[PDB]
Each structure stands twice: as C-alpha cells, then as structure tokens.
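Enquirer:
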Amino acid sequence: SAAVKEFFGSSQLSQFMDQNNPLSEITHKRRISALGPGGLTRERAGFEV
Amino acid sequence: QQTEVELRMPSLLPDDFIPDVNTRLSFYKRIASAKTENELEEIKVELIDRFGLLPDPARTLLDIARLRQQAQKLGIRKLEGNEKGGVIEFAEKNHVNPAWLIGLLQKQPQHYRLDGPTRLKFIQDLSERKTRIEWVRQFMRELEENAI
Amino acid sequence: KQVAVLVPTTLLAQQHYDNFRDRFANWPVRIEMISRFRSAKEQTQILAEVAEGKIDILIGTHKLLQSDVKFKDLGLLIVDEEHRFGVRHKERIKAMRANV
Amino acid sequence: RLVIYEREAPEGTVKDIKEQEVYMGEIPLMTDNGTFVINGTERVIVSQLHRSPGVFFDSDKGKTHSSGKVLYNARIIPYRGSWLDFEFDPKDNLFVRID
Amino acid sequence: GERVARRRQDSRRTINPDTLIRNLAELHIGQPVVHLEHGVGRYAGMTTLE
Amino acid sequence: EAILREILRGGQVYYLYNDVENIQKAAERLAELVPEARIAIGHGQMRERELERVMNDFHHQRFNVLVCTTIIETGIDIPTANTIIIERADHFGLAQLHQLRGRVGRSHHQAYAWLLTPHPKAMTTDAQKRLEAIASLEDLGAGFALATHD
Amino acid sequence: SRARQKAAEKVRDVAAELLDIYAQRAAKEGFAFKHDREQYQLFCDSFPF
RNA sequence: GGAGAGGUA
DNA sequence: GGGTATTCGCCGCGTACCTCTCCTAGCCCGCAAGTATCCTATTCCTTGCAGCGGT
DNA sequence: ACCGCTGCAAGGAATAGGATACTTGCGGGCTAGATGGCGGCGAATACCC
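What follows is the structure, encoded as structure tokens:
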C-alpha cells in the first residue's frame, strides 16, 4: 500500500488534472512526457531532444 | 505464614495509590502481620483516611488477607484458584465436616473431586475477579459454619 | 558453610561439576549437581542430602530457586554468568538466607 | 498457498498445505474515463517516453580530448542488470567497462 | 557403550475407536472431520495439487 | 575454508545455528559442504541422555564440528575448539556476540571467529551498529569496555 | 489462547520486595569467615598454574 | 517554511 | 628534477507572477529465537504372578 | 502331584507436551518529530625526458 499510494498520490507523473474543458481533460490524459523517473531533466535537456 | 489464597488476579498496593515505596512496604507488613479482621478494618480505615479511595488492587489485597485470616483458623493450607477452577489443599488435620463433605461431593460431583489425600479440585467459570471473590467467600463461609 | 553455585544452563552445570570435582579431589568435600540431567529419583536424594547437611557444594541450574531446595547452613552463593538470570532469580535465594 | 514439508521424510514431501485468501494492499481504480480519485482530487498519470532497454550505438562528435576525432561507443542496457559499455580510445583502442 | 537410541516413535494407535472408521474413505461432502493437529473442519472432497 | 583450516590444525569447530527446527537440515547440509568433517548436533531441546552424551563425545575428540544453538553461549570451555562460525549473527546482542567469541581461544593456539551475516542492505540498522562494534573491539580484556558500551 | 491481551497490571510490585530484601541484607551482619593460612596454601598448591 | 507538477508574459 | 599532458572536481546556468498536492520517525508491546523450571498425561520397560506342560 | 516355563499384568520410570519465567532481537501501530548535462578552469596527478 505504501509503494502504490506513493506512486499514485505524489509522483512526478501522477499529476493534478486540468479540468476547465472537456478538451483539456481529454488532451491531458494523452500527454507523452519525456520527464519523470527514469527520464531526462527539465533544465538539463539539450537542443536536440 | 501466607497460606496463599492466590487467585491469579493482582492484589497489591499500586504506585499511584501510595507514591513512596517505604509507606507501601510498611502497610504490606501491617496487613500480612495482622491476625484479626478488626485489625484489617483498622488498616482499611487508616488507608482511606490517609489516601482516600481504595483501588481494585488494594481491595483485592485486603480481602485476600481476610480470606487467609479465616483459612488459617479453619485449616486450609493452600486455597488456590484460576479462571477454570482451583485446588483446595487442606492440612493434616482439617476441620471439614466429613458427612457434609460427602454430601457436597454427591450433590455436585462435577464441581468437587478429591484428587489425593488433601487436594480437592473444583471447576468453576470464574471469569470475573469480583465474582470469584464472593464465590470463595461463600464457599469458606459455608465451610466454617459446619466446622467441627 | 555449604557453597551453592548457580549457573544458567545444564552444560555449565555439568562442566562446573566436573571442574569442582577435579579440584576438590583430595579433600573431604562432597560436591553434587542438581538439574534436569539428574533423574527424578536422585534429585530427591540430593535434596534430602542437602537439607540433612552432607553435600557441601551444590551446583545447579534454576532448580536451585524452586523453594524445595532447602539448605541447612548456607554460607556462600556463587552466581556464575549472571547476565542470563534476571533480578527475581538473583534475589530468590538472597531473600531466604538474608546475610549470605 | 503455504506448503509445509516434513522433516523426517526425504527431500520433497508435503506434510500439510494450507490456503487462505489474504488481503494485500488497496490499489486505486481508474474511473470510466482515465482519471484516478486519489484523495478526492481527480489526477491523471501521464504516459512517459523513456529509453528502451537494448543496445545503443552512439558517438560523441569530436567534443572530447581536443583531437577533433569522433569516439564511437556502444552500450548494452538490460532491463535488470549491469550495463556493458564498449568504447574507442583516442588511440583507436577498444575498451570495455561495466557500470 | 553404544548409543541407547530407542526413541523412534510412540504408540499413537491408542484412542482409535469407531470414530477412525478404519479409513473406509466413503465420506460424503460436508461431513465434519477432526484433524487432531488443527481442529474441526468440514470435508470438501478430493482434489489434485502441485 | 574455515572448517578445513581448523580440521587440518587438529582443533574443533563450533558452528552455531540457533534454530532447532532447521538444525537437522543445517547439519545435514554442512556435512555435504564439508565431507572431511565429522558433525554432530547439540541443543537443549533434545533428550537429556542424548545431549549429555553428544557433549561428552565432543570433549573426547570424537568429532570436529558441532552444530549448536546458543546453549554454548554460557561458558563451556573445551580448550581444543578454536573456531566459532556464527551462521546468521545479525540478530545477537553485543553481550551474546562477545560471549560466543569467547568460546574460542582458551589455550596457546590462535583462534578465529567468523560472524556470517546476510547482504548488508538486508540487515537492520541496530545489527550494523552491533557488528561494527563487535568487530571494532578485538583485544584481550575488551569484555569490560564492551560492557560499558552496552 | 488470548495472547493479544496485555494481561493485568503488574500482577506484583517489585519495588517493595527488592527494597525489603536490600534493607534486610543491609541491616544485619553476615558470617565472619575464619581463614586458615597453611591449610589454604595446600589448596593453592593444587593449582597447576 | 520546503519539494513536486502545471501555467501567464 | 621538471616540463607536458590528461583527468578530475567545483562553479555556473533569466525575471516577475498565478494555481494545485504533499510534507514522520521513534518507542512500547507483543511476537519470535534460545535457555531454565514445574505439571500432567502417556507410553515403555522390568519384574512378579496365574495358568499350563514335563516328569 | 510337584516343579519349570511362558504369557500377562501391574507398577514405576522415561518421555512427550503444555504453561511460566529470564535473556536477546525486531516489526507494527500510534503518537511526540548509483547509471539522459556541458563548458570553463585551475589544480591534482600520470608520464616521459
């Protein structure tokens, strides 16, 4: 329960929903983030990625 | 001198009752060295005067001392008990009425069984400390009236 | 003065029995061990001898505290490896004989 | 299903075998849409785009040792295990390292 | 002398009466069963396991 | 290697397991790991006329390795035994560990003491502090500094 | 067998018992052993060290 | 008071 | 000695504002392991007696 | 009919198993509290003369 609730509750990819449109929800559920655990950094990413 | 009346319940003077150790110890000496129920009542009144309410451990200690006081005069050398029953270990020359004892044994064979020369086993659901206490009290009271 | 040696296991009981019997092997001193390794018929013989006052060193485990081991004239106690006993075990004999 | 093997019998023999339905963890359920109600607030777990395990031939394009030379390397990246790196020395040697 | 090792087993054949039923294995499903290690349960048939 | 080093020297080995339910498997497994050794089992939960005779045989050099519980934590001498191997020494006190270490030596020989542990990320933190203290004090007379540390 | 329960509350008090044991050992005087010199020297000579 | 996420110029 | 060369470890990397969630470790108690004891069934072993056969 | 033999039976000795009490540890609950940067630069070696 700890290792599941920690991922679902407070992680870098389990993030608060934008909910001011139907469009905003349906496109926030379809992002492809290049960040998070096992991924590159927001401010140490080059010009190519 | 303690013909133990151990019932597997706490019988003592709790620390919150009497804070300092030495006064506790002095009252342990006074109680266990008292030979008359009048003196136990004097000790109880002194306890209530100097410290107020008597907790459950203190009242159990005092009634165990009273039960020992009656048992030393009667002749039970080790009256025991637990949640499931208990063992009466008599003396070499007890003062139980024999015909009355056989009458008890034949009216409740499931609650009185002689196992040895001076061991009498009783089996009772003594789930509550208080109810066990008056059960032992009434058992011993019915014993002493028929003492010979 | 009937030394009483108290050790917290039967292997210590047996080894100290052997060592004491080795050392006191030329004196009129009787040394005896009481534990569960001894039978139930010779334990009562040992207790009868000790209460009589004829065993002068009684090496034993926690059996030495069980209220039926009555010493005639106890004058010395030796608690060996005391860090395995607990306080009640360490004054269970000091209570009976006060000035040992 | 906890088995019990008995000591006296030879290696592998079942004394007893017990079984019960054990509760282990409450896992959040995705709603009818894709949303998770985690503490009363609807969150979304976003799909990630990461480096796949496998083998990766790469090079640093003349940006080391000031020689103006490219040094090709090859990583072996297992899903679970120690990585295995081959690389080229500035003297065209072939060198292996682990972790 | 040699080892006096005679403690192979104790006679557990005692207390075997009609209850044991001589292992006829004609039990029906739901018939209560005592297993002296664990207690009283309800028999629920023959199964195969790995 | 430890058991063979002790057998070739002629001494005896304590191999402390401290679990009676699996001690018969630990000894049977160690007798396959090291076939050169003669191995017996000694604990306080087997019948008296068997433990007494096993511990009597161990004095008279009738076997080298004796897979034992912590019934030998108390001060059994046996001067020829000069190598103790504690199988899983993470759950033992400082007093128990030093007492177990004290069973080897007792004579002019040089005596080793191996305290085998699990993988050090799987031990607890107090086990690490206890083991880094028992391994810190290896001197004659270190039983009082260890006591005033405990 | 109801192991979960914490039984009663100090079925016995040990402060009073230990205090009385200590105060009875420290009240009276123990045995004053008589030491023999040349009868204990033999026992010392039995020590092979 | 601090981390993580997202956003505006 | 002593100059050149390679490597390594620190320092650095935009301003202002807005919204949201999430922030706990240590100690007491009851479990386990070992050891010791008592207590009570329960089997095991040894010796003595009743019935039967040899003379 | 009298003595030797054997099966059986009783009686106590081991033996198991549970309950209780010490030491030590350790986890759970509840409450006080390691493998995706890169450039610059100066210093620390590694080395070759």
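Protein chains in written order, with UniProt numbering: chain A, 499 to 547; chain B, 1000 to 1147; chain C, 650 to 749; chain D, 101 to 199; chain E, 451 to 500; chain F, 800 to 949; chain G, 551 to 599. Where a beta carbon is used, it is the ideal one built from N, C-alpha and C, also for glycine.
How would you call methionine 682 (chain C), buried or exposed, if buried means at least 16 neighbouring beta carbons within 10 angstroms?
Expert: As a first step, residue 682 (chain C) must be located in the third sequence, where it is residue number 33. Label assigned to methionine 682 (chain C): buried.
Enquirer: Which runs of the beta strand (DSSP E) fall wholly inside the segment 1007-1050 of chain B and span at least 3 residues, in chain order?
Expert: For the segment 1007-1050 of chain B, not a single whole beta strand (DSSP E) run of length 3 or above is found.
Enquirer: DSSP state of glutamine 715 (chain C), grouped into three classes?
Expert: Working through the third sequence from its first residue, we reach residue 715 (chain C) at position 66. Coil.
Enquirer: Considering only residues of the same chain and omitting the five flanking positions on each side of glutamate 106 (chain D), which have a CB-CB separation below 7 Å?
Expert: For the purposes of this step, residue 106 (chain D) is taken as the residue at position 6 of the fourth sequence. Excluding positions up to five away in sequence, the list reads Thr113, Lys115.
Enquirer: Measuring CA to CA, which of B:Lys1129, B:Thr1059, B:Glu1091, B:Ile1122 is closest to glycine 1085 (chain B)?
Expert: The residue you call residue 1085 (chain B) lines up with position 86 of the second sequence. Checking every option, the nearest Cα to that of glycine 1085 (chain B) belongs to B:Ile1122.
Enquirer: Can you give the Cα-Cα distance for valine 866 (chain F) and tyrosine 813 (chain F), rounded to whole angstroms?
Expert: Here residue 866 (chain F) refers to the residue found at position 67 when the sixth sequence is read from its first residue. Here residue 813 (chain F) refers to the residue found at position 14 when the sixth sequence is read from its first residue. Roughly 6 Å between the two C-alpha positions.
Enquirer: What's the gap between the Cα of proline 677 (chain C) and the Cα of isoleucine 708 (chain C)?
Expert: Residue 677 (chain C) sits at position 28 when you count from the first residue of the third sequence. Residue 708 (chain C) sits at position 59 when you count from the first residue of the third sequence. The alpha-carbon atoms of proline 677 (chain C) and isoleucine 708 (chain C) are separated by roughly 17 Å.
Enquirer: Check whether the Cβ of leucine 850 (chain F) lies closer than 9 Å to any Cβ atom in chain C.
Expert: Locating residue 850 (chain F) in the sixth sequence gives position 51, counting from the first residue. Chain C contact via Cβ: present.
Enquirer: Just to make sure I have the definition right: I need the residues of chain G whose C-beta is within less than 7 Å of the C-beta of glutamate 740 (chain C). Which are they?
Expert: Locating residue 740 (chain C) in the third sequence gives position 91, counting from the first residue. Result: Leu568, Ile571.
Enquirer: Return the CA-CA distance between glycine 580 (chain G) and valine 749 (chain C), expressed in angstroms with no decimal places.
Expert: Against the seventh sequence, residue 580 (chain G) aligns to sequence position 30. Against the third sequence, residue 749 (chain C) aligns to sequence position 100. Each residue's alpha carbon lies about 7 Å from the other.
Enquirer: Specify the secondary structure class of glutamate 111 (chain D) as computed by DSSP and reduced to three states.
Expert: The sequence position of residue 111 (chain D) within the fourth sequence is 11, counting from 1. Correct three-state label for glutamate 111 (chain D): coil.
Enquirer: For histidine 738 (chain C), report the span of its beta strand (DSSP E) as first-last.
Expert: On the third sequence, residue 738 (chain C) is found 89 positions in, with the first residue counted as 1. Note, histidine 738 (chain C): premise wrong, no beta strand (DSSP E); alpha helix (DSSP H) at 736-740.
Enquirer: With DSSP run on the structure shown, which of helix, strand or coil describes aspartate 189 (chain D)?
Expert: Counted from its first residue, the fourth sequence places residue 189 (chain D) at position 89. It is coil, neither helix nor strand.
Enquirer: Below 8 Å, how does it come out for the segment 1045-1064 of chain B and the segment 1004-1015 of chain B: are there three or more Cβ pairs, yes or no?
Expert: Taking 8 Å as the limit for Cβ pairs, the verdict is that the segment 1004-1015 of chain B does touch the segment 1045-1064 of chain B.
Enquirer: Indicate whether at least one CB of chain B lies closer than 9 Å to the CB of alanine 565 (chain G).
Expert: Within the seventh sequence, the letter at position 15 stands for residue 565 (chain G). Yes - at least one Cβ of chain B is within 9 Å of the one on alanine 565 (chain G).
Enquirer: Which residues, in order along the segment 151-165 of chain D, keep a beta-carbon less than 7 Å from a beta-carbon of chain A?
Expert: Within the segment 151-165 of chain D, no residue has a Cβ that lies closer than 7 Å to any Cβ of chain A.
Enquirer: Could you tell me whether the Cβ of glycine 140 (chain D) comes closer than 9 Å to any Cβ of chain A?
Expert: As a first step, residue 140 (chain D) must be located in the fourth sequence, where it is residue number 40. False, the Cβ-Cβ gap to chain A never drops below 9 Å.
Enquirer: Contact between the segment 529-542 of chain A and the segment 1017-1035 of chain B: three or more CB pairs below 8 Å?
Expert: Segments in contact, no.
Enquirer: Less than 9 Å between CB atoms is the rule here; does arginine 587 (chain G) satisfy it with respect to chain C?
Expert: Here residue 587 (chain G) corresponds to residue number 37 of the seventh sequence, with the count starting at 1. Closer than 9 Å: no.
Enquirer: Is it the case that the Cβ atoms of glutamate 872 (chain F) and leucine 899 (chain F) are separated by a distance below 9 Å?
Expert: Walking along the sixth sequence from the start, residue 872 (chain F) turns up at place 73. Walking along the sixth sequence from the start, residue 899 (chain F) turns up at place 100. Cβ distance < 9 Å, so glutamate 872 (chain F) and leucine 899 (chain F) count as in contact.
Enquirer: Counting Cβ pairs closer than 8 Å, one from the segment 1098-1116 of chain B and one from the segment 1039-1047 of chain B, do we hit at least three?
Expert: Segments in contact, no.
Enquirer: Given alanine 747 (chain C), which residues of its chain have a CB within under 7 Å of its CB, disregarding the five upstream and five downstream residues?
Expert: What you label residue 747 (chain C) is simply residue 98 of the third sequence in a count that begins at 1. Excluding residues within five positions, none has a Cβ falling inside 7 Å.
Enquirer: How would you write the range of the beta strand (DSSP E) that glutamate 476 (chain E) sits in, first residue to last?
Expert: As a working mapping, residue 476 (chain E) is identified with position 26 in the fifth sequence. That residue, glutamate 476 (chain E), is in no beta strand (DSSP E); it is neither H nor E in DSSP.
Enquirer: Please state the DSSP three-state secondary structure of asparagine 519 (chain A).
Expert: As a working mapping, residue 519 (chain A) is identified with position 21 in the first sequence. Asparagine 519 (chain A) falls in the coil class under three-state DSSP.
Enquirer: Please report the distance separating the alpha-carbon of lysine 578 (chain G) from that of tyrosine 572 (chain G).
Expert: Counting from one through the seventh sequence, the residue named residue 578 (chain G) turns up at place 28. Counting from one through the seventh sequence, the residue named residue 572 (chain G) turns up at place 22. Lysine 578 (chain G) and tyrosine 572 (chain G): Cα-Cα distance of roughly 11 Å.
Enquirer: Using 8 Å as the cut-off, can you tell me whether the segment 683-694 of chain C makes contact with the segment 867-887 of chain F, which would need three or more C-beta pairs spanning the two stretches below that distance?
Expert: Judged by Cβ distances under 8 Å, the segment 683-694 of chain C makes no contact with the segment 867-887 of chain F, as fewer than three pairs qualify.
Enquirer: When you compare the CB of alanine 932 (chain F) with every CB in chain C, is at least one pair closer than 9 Å?
Expert: In the sixth sequence, residue 932 (chain F) corresponds to position 133, counting from 1. No, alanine 932 (chain F) does not count as interfacial toward chain C.
Enquirer: Where does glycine 1084 (chain B) sit, in a helix, a strand or coil, going by DSSP?
Expert: Stepping through the second sequence from its first residue, residue 1084 (chain B) is reached at position 85. Strand at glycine 1084 (chain B).
Enquirer: Helix, strand or coil for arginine 687 (chain C)? Go by DSSP, reduced to three states.
Expert: For the purposes of this step, residue 687 (chain C) is taken as residue 38 along the third sequence, with counting starting at 1. Looking at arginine 687 (chain C) - three-state DSSP - the assignment turns out to be coil, as it is neither helix nor strand.
Enquirer: If you measure beta-carbon to beta-carbon, which residues of the segment 873-884 of chain F are closer than 8 Å to chain C?
Expert: Hits within the stretch, in order: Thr873, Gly874, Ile875, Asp876.
Enquirer: Output yes if chain G places a C-beta closer than 9 Å to the C-beta of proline 1009 (chain B); else output no.
Expert: To locate residue 1009 (chain B), count along the second sequence from 1; it is residue 10. Yes, because at least one Cβ of chain G sits closer than 9 Å to the Cβ of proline 1009 (chain B).
Enquirer: Per the contact definition of three or more C-beta pairs closer than 8 Å, is the segment 136-156 of chain D in contact with the segment 509-523 of chain A?
Expert: Output reads yes: the segment 136-156 of chain D touches the segment 509-523 of chain A.
Enquirer: State yes or no: is the beta carbon of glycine 134 (chain D) nearer than 9 Å to at least one beta carbon in chain A?
Expert: For this step, residue 134 (chain D) is matched to residue 34 along the fourth sequence. It does; some Cβ of chain A falls within 9 Å.
Enquirer: Taking CB distances under 9 Å as the criterion, tell me whether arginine 887 (chain F) reaches chain E.
Expert: By one-based count along the sixth sequence, residue 887 (chain F) stands at place 88. With 9 Å as the cut-off, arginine 887 (chain F) does not count as an interface residue toward chain E.
Enquirer: Kindly indicate if chain D contains any beta-carbon less than 9 Å away from that of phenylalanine 545 (chain A).
Expert: Taking the first residue of the first sequence as 1, we reach residue 545 (chain A) at position 47. Judged by the 9 Å Cβ criterion, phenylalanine 545 (chain A) is not in contact with chain D.
Enquirer: What are the partner residues of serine 147 (chain D), as DSSP defines its beta bridges?
Expert: Translated into the one-based positions of the fourth sequence, residue 147 (chain D) becomes position 47. BP columns for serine 147 (chain D) point to A:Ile530.
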